[PDB]
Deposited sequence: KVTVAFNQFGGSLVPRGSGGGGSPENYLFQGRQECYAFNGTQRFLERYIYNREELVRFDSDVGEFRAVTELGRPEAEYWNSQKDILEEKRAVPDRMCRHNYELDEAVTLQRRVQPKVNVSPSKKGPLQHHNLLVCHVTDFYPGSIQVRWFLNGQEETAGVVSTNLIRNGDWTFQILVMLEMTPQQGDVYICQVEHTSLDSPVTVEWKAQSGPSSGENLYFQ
């Protein structure tokens, strides 16, 4: 697994860099970014084929680097060298990572059956992030009254999400949270019955 060389040009100063590989279908698009603090200075974009000065402070490098055939050919060769190579490895491993969602259902408050409450479907510790969470009342999907936080990244290669339903439970009402995910052969369902 490989990388490529960046080109060379109280108080705090910072310099940042990005080497980005965008995989789409079977193609690779490569971006190289040079950044002073939060300001992008010079960019290489494989779709352009050469360096572009984003700011005036990046103009000398952009112009000089573009006059070096060898520097350009090294960068133009990146999509088919570094990007493809690292991607094939991530396809074989990272993209095979499957972690099953745990599903928990609980009312936001416990108590009577007179008035509104929130029924919370808490779905945790799954990967990858693409997921479908549905609420059912007595066998019928609920579209209204569904309040979701969106996908929450835990930062440890797992996601969670909370999808809650505005409800007014009557005795003998059946609520189901249905979860579908690529790691699951069949959907996970958790049932909560009003009592």
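Engineer: May I ask you to mark the stretches of the deposited sequence that the structure leaves without C-alpha coordinates?
Structural biologist: Comparing the full sequence with the modelled residues, the uncovered ranges come out as 10-23, 210-221.
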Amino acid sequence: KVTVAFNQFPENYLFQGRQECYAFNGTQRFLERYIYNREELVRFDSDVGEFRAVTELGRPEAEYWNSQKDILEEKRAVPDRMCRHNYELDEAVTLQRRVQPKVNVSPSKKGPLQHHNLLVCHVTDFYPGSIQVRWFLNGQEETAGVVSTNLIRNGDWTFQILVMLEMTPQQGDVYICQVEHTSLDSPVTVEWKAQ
From here on, numbers count along this sequence of modelled residues.
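Engineer: Per the PDB record, is the mean Cα temperature factor higher over 165-173 or over 24-32?
Structural biologist: Higher mean C-alpha B-factor: 165-173.
Engineer: Regarding 68-76 and 93-101, which shows the higher C-alpha temperature factor on average in the entry?
Structural biologist: Here the higher of the two C-alpha B-factor means belongs to 68-76.
Engineer: Comparing recorded Cα B-factors across 56, 156, 45, 39, which one is largest?
Structural biologist: Checking the PDB record, the top C-alpha B-factor among 56, 156, 45, 39 is at 56.
Engineer: Using only the C-alpha B-factors in the record, can you name which of 130, 149, 160, 138 has the highest?
Structural biologist: Highest CA B-factor of the listed options: 138.
Engineer: Compare the C-alpha B factor of residue 183 with those of the other modelled residues in its chain, then answer lowest, middle or highest third.
Structural biologist: Tercile = middle for this residue's CA B-factor.
Engineer: Compare the C-alpha B factor of residue 82 with those of the other modelled residues in its chain, then answer lowest, middle or highest third.
Structural biologist: Residue 82: CA B-factor falls in the middle third of its chain.
Engineer: Is the Cα B-factor recorded for residue 106 in the lowest, middle or highest third of its chain?
Structural biologist: Tercile = middle for this residue's CA B-factor.
Engineer: For the chain shown, is the CA B-factor of residue 119 in the lowest, middle or highest third of its modelled residues?
Structural biologist: Middle third by C-alpha B-factor.
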